[PDB]
DNA sequence: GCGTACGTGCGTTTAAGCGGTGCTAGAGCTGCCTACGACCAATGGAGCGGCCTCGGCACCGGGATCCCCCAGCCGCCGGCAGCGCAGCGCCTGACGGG
């Protein structure tokens, strides 16, 4: 089997794979819906793009 | 120092407020079923570390503005001092009256 990054699978650049781990250790919740981080990383890329 | 407009007061008046219906919507809960996220074991390559070389920026030196300033300068005008004078009330003539 071959693996592909999730960021590409969303057509995104920011590290969905990394940021998902952050909420897991961030203790904001005990369980995270897998859909949430993909949404989250998308937001940041929009925000960062807006400023520069 | 000026002046208006907001405080005080009076006189309507009206919608808040009370007390009264009557309703069902929607929140609260339960039963029950599902899926989806955590967990585990593997895997490799994206990311992070370590070099390492050009040029974007720094810096300089010089020339180029360019606002900043202000006396020059005049126009203007009004005040002002002097001058000519307009009008009036008295002064004083012309002439009859006293």
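Every residue number used here counts from 1 along the chain in the order it is shown.
Looks like electron microscopy, 4.0 Å, at least that's what the header says.
Here the Cβ of each residue, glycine as well, is placed from N, Cα and C on the backbone.
Copied over from Swiss-Prot, here are the features:
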{"type": "CROSSLNK", "residues": "A:2", "note": "ubiquitin cross-link"}
{"type": "CROSSLNK", "residues": "A:4", "note": "ubiquitin cross-link"}
{"type": "MOD_RES", "residues": "A:25", "note": "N6-(2-hydroxyisobutyryl)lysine"}
Between the residue listed as 'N6-(2-hydroxyisobutyryl)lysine' and residue A:2 (ubiquitin cross-link): CA-CA distance (Å): 27
Least surrounded among the recorded positions, given as A:2, A:4, A:25, when other CB atoms within 10 Å are counted: A:2
Collapsed DSSP category at residue A:2 (ubiquitin cross-link): coil
